[PDB]
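FYI, side chains are in, hydrogens and waters are out, and symmetry mates aren't considered; it's all heavy atoms of this structure. Just so you know, residue 1 is the first one in the sequence shown, and it goes up from there.
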Amino acid sequence: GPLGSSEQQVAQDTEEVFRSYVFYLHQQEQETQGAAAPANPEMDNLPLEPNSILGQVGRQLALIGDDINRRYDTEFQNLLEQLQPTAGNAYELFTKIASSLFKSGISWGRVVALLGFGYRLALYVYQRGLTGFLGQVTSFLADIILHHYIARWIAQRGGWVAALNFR
């Protein structure tokens, strides 16, 4: 009905891709920066599937995002200043970022930036003392990717596994 068969699969896969992205980006920061990396035990305790395709997509997008998302740091941090103490407007901020990132179209680099904002939002919410929010951030991201036709765009390119071609 409203969803394509592959579009629907892509939208259902987003949660695992983002959880993997988060785990591997956080682990990469620890491996390179050690104790200087921003701590977040919730991101250390992410159990992943054993070496799944979506897991390897998340890992590769994290390796890429560590590089190409540095250009968005100031924009992301400036927007996070608007986060309410309860994090009640977290979804609204996430949709503001998506609107800005995809204003001129969709690309893999823009998708990676969106995942990167999700990571920074989850990290900051935790640093402000709110625990157990990673699941909500993940749902927010999956919601944005489906409704903004990002899942459709990814499906047209072969699904999340297509991201493996930027190793």
Peer 1: Do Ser104 and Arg110 meet the criterion of a side-chain donor-acceptor pair at a distance under 3.5 Å?
Peer 2: yes
Peer 1: Might you confirm whether atom CZ of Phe166 has over 12 heavy atoms from other residues, nucleotides or ligands at distances under 6.0 Å?
Peer 2: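 Yes, the 6.0 Å shell around CZ holds more than 12 heavy atoms from other groups.
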Peer 1: Return the minimal non-hydrogen interatomic distance between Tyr21 and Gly65, and the atom names on each side.
Peer 2: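 Scanning both residues completely, I find the closest heavy atoms to be OH-CA, 4.0 Å.
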Peer 1: Taking the side chain as everything from C-beta on, heavy atoms only, tell me whether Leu123 gets closer than 4.5 Å to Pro38.
Peer 2: yes
Peer 1: Shortest non-hydrogen contact from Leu79 to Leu93?
Peer 2: CD2-O, 3.6 Å
Peer 1: Quick one: does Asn45's side chain have a donor or acceptor within less than 3.5 Å of a partner on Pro41's backbone?
Peer 2: yes
Peer 1: Could you tell me whether the side chain of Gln56 reaches within less than 4.5 Å of the side chain of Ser20, counting heavy atoms only?
Peer 2: no
Peer 1: Scan side-chain atoms only and decide if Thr131 and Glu42 contain a donor-acceptor pair under the 3.5 Å cut-off.
Peer 2: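 On atom types as modelled, these side chains do not qualify, holding no pair under 3.5 Å.
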Peer 1: Do side-chain atoms of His26 reach the backbone of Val22 as a donor and acceptor pair under 3.5 angstrom?
Peer 2: no
Peer 1: Quick one about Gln30 and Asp44 (side-chain donor to acceptor, distance below 3.5 Å, no hydrogens or angles considered), yes or no?
Peer 2: yes
Peer 1: Within the structure provided, determine whether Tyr119 and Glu29 are in side-chain contact (heavy-atom separation under 4.5 Å).
Peer 2: yes
Peer 1: Ring centres under 6.0 Å, that's the criterion: do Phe117 and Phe94 meet it?
Peer 2: yes
Peer 1: Are any side-chain N or O atoms of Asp66 and backbone N or O atoms of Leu25, one a donor and one an acceptor, separated by less than 3.5 Å?
Peer 2: no
Peer 1: What are the two closest non-hydrogen atoms of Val137 and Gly118, and how far apart are they?
Peer 2: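 That would be CG1-O, 3.5 Å.
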Peer 1: Is a salt bridge present between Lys96 and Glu92, judged by a nitrogen-to-oxygen distance below 4.0 Å?
Peer 2: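 Salt bridge present between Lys96 and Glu92.
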Peer 1: Go through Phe76 and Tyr124 one step at a time and tell me if the side-chain contact (heavy atoms from CB on, under 4.5 Å) criterion holds.
Peer 2: CA-CA 11 Å; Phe76 288 178; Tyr124 185 59; over 6 Å; no
Peer 1: Do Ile97 and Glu75 come within less than 4.5 Å of each other through their side chains, counting heavy atoms only?
Peer 2: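 Side chain of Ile97 against side chain of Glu75, heavy atoms only: contact under 4.5 Å found.
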Peer 1: Can you get from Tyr126 to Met43 by hopping between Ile, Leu, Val, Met, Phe, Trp and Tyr side chains that sit under 4.5 Å apart?
Peer 2: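 Different hydrophobic clusters.
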Peer 1: Hey, what do you get for CG (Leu164) to CD1 (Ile53), rounding to the nearest 0.5 Å?
Peer 2: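 Reported to 0.5 Å precision, the distance equals 6.0 Å.
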Peer 1: Does any N or O in the side chain of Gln27 come within less than 3.5 Å of the main-chain N or O of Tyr24, such that one atom is a donor and the other an acceptor?
Peer 2: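 A pair under 3.5 Å: no.
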Peer 1: Heavy-atom distance under 4.5 Å between the side chains of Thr14 and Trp160, does that happen here?
Peer 2: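 The answer is yes, as the side chains (C-beta and beyond) meet within the 4.5 Å cut-off.
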Peer 1: Under 4.5 Å between any side-chain heavy atoms of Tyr72 and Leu101, yes or no?
Peer 2: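 Yes, close enough: below the 4.5 Å cut-off.
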Peer 1: Got a salt bridge between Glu81 and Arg128, using NZ or NE/NH1/NH2 to carboxylate O under 4.0 Å?
Peer 2: no
